[PDB]
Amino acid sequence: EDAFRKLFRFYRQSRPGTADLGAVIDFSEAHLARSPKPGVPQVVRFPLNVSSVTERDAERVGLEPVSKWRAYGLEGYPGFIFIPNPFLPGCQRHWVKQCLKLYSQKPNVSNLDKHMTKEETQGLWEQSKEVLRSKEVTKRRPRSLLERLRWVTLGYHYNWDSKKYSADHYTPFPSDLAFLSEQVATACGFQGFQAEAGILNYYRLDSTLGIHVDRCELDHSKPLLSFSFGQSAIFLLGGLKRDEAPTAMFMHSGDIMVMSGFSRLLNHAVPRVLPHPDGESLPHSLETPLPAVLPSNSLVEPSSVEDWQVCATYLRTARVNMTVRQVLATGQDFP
């Protein structure tokens, strides 16, 4: 009956050693072999627009040249593209830091604003920094503001009653994330994409994202972009109806998902954040050094050792997700 619920519980209660992860698709070592199962659907290669993004535009936002990306889809899931980590070595750190220290501060609205004010809310980063100096990090203490951060809205905010977006309490969308999103969208064949509504989600090792569909009336020709940084996770992509058996796949640090049309209508969930392997506190793609020569225009710049130390201690047991949508038609504003 309720196949998605049962598999969601299965992968949630997965403790590496308890449950079998053999059916979870790893796009980093993609099969491409013709039907090497059921029940897993076939993985197909997705041709990219290699010439649509200049290597300099890709480097300014930390991405490899589009000629080097490998993208895949799944048979039966039109509109779903999975791009394993296309970032240049060391470039995920800048976007992680943007999520942790920059995008978390005002005017952006977070969960922390529900029962607090901009008092220490603006001092989230300084609080974590002070925690790291005092070595009070193993010491017993109340959870920091950074550790209590769960989500952040960017750009237009969604109305759960209207099922529509509006300009009420609009906060400006970050232009650098918009540029990165536009590069990814153009590379996937979506011309004229404008990042306008964003969600940042911060997950602990026991965090989950339940089964849900997106029901808002939007232009389904436009892509939705989903970036993941930090610890790996398992992602479940289901069907139009909640009781269809989903397909499981890994989300490694730097992986990007692009969803359009049909696949935007499907049930999906994130049942589990996997703990890091032994002796691999962080993914290899997060410790690599930045390229020596950076473009003078580059939006990715090396950050403080203090800032990255905060980021690394946080990401040791966390996953960060960025979700980006276009909600307004090309040209038209919000009247």
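Just count from 1 along the sequence shown to find any residue number.
Enquirer: Would 183-191 or 134-142 have the larger average of its C-alpha temperature factors, as given in the entry?
Expert: That would be 134-142.
Enquirer: Comparing 237-245 with 118-126, which has the greater mean CA B-factor as deposited?
Expert: Comparing 237-245 with 118-126, the higher mean C-alpha B-factor belongs to 118-126.
Enquirer: From 292, 269, 66, 266, pick the one with the largest CA B-factor in the entry?
Expert: Checking the PDB record, the top C-alpha B-factor among 292, 269, 66, 266 is at 292.
Enquirer: Could you look up the Cα B-factor of residue 222 in the entry and say which third of the chain it sits in: lowest, middle or highest?
Expert: According to the entry, residue 222 has a C-alpha B-factor in the chain's lowest third.
Enquirer: What third of the chain does residue 175 rank in for C-alpha temperature factor, lowest, middle or highest?
Expert: Middle third of the chain for residue 175's C-alpha B-factor.
Enquirer: With respect to C-alpha B-factor, does residue 71 fall in the lowest, middle or highest third of the chain as deposited?
Expert: CA B-factor rank for residue 71: lowest third.
Enquirer: What third of the chain, by the recorded C-alpha B-factor, contains residue 19?
Expert: Highest third of the chain for residue 19's C-alpha B-factor.
Enquirer: Quick check on the deposited entry: does the C-alpha B-factor of residue 300 sit in the lowest, middle or highest third of its chain?
Expert: According to the entry, residue 300 has a C-alpha B-factor in the chain's middle third.
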